[PDB]
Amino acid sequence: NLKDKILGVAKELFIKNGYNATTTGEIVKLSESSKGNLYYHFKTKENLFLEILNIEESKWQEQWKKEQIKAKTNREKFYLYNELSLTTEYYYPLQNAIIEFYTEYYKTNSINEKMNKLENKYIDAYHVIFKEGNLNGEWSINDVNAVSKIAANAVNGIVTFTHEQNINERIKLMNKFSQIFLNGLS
C-alpha cells in the first residue's frame, strides 16, 4: 500500500525518536514519496500521529481480546493485562512519543477532544475488568472509573520507566504490582 507505508515509516520514527524529533520531512522521503502526497488522509503531522495512536490502540485491544481468554477470573484478567503490556508491540512502545505530544500540543482543540476518547479506550480494558469483577463478585470498587484510570496509569508507569532492564525482572515486578493492587481493592 502507500498511505499504509507512510503510517508504517512514521510509527517507526515516532518510536525510535520523539514526536517533535521526527518531522514530516523524514516520513515523506523515507517512503520514497513526496510532500504533496499528504492531505485527505494525512494533512497535518498531529493528524498523522493521532491516527497511528488510533491504529495501535486497535491492534492492542484486538490482541487483548484474542488473549484475555487464558484467564478465567477477572483477578487473573488484571494480572494478565499488565504482564502482557510489557511484552506487546502495540501502543505501549509509543508512550514516550505520546508524552511529548501531550505537552508540546496542549494549547490546541485536537488535544482535549480529538484524542480525548483515545484515553477512555486505554482505561476501558480496566473498566470492564473491574466492573465484570464486581458482578462476578471478586471485589467491590465503588469508584471504578478512578481505580481504572489509576491502574491504567500506574501500570503504564511500570512499563514505560523500566524499559532498560531484564525483561523478566519487569514481568516479576508487574506481577508483584498486580498482587499488591488487587490485595488493596478487596
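Sequential numbering from 1, following the sequence displayed.
Higher mean CA temperature factor between 96-104 and 71-79: 96-104, per the PDB entry.
The PDB entry records a higher mean C-alpha B factor for 159-167 than for its counterpart among 173-181 and 159-167. Of all the options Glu26, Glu57, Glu51, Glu138, the entry's greatest CA B-factor is assigned to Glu26.
Out of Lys43, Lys65, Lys131, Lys149, the entry records its largest CA B-factor for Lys43.
Split the chain's modelled residues into thirds by C-alpha temperature factor. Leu38 is in the highest one.
Sort the chain's modelled residues by C-alpha temperature factor and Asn153 lands in the lowest third, per the entry.
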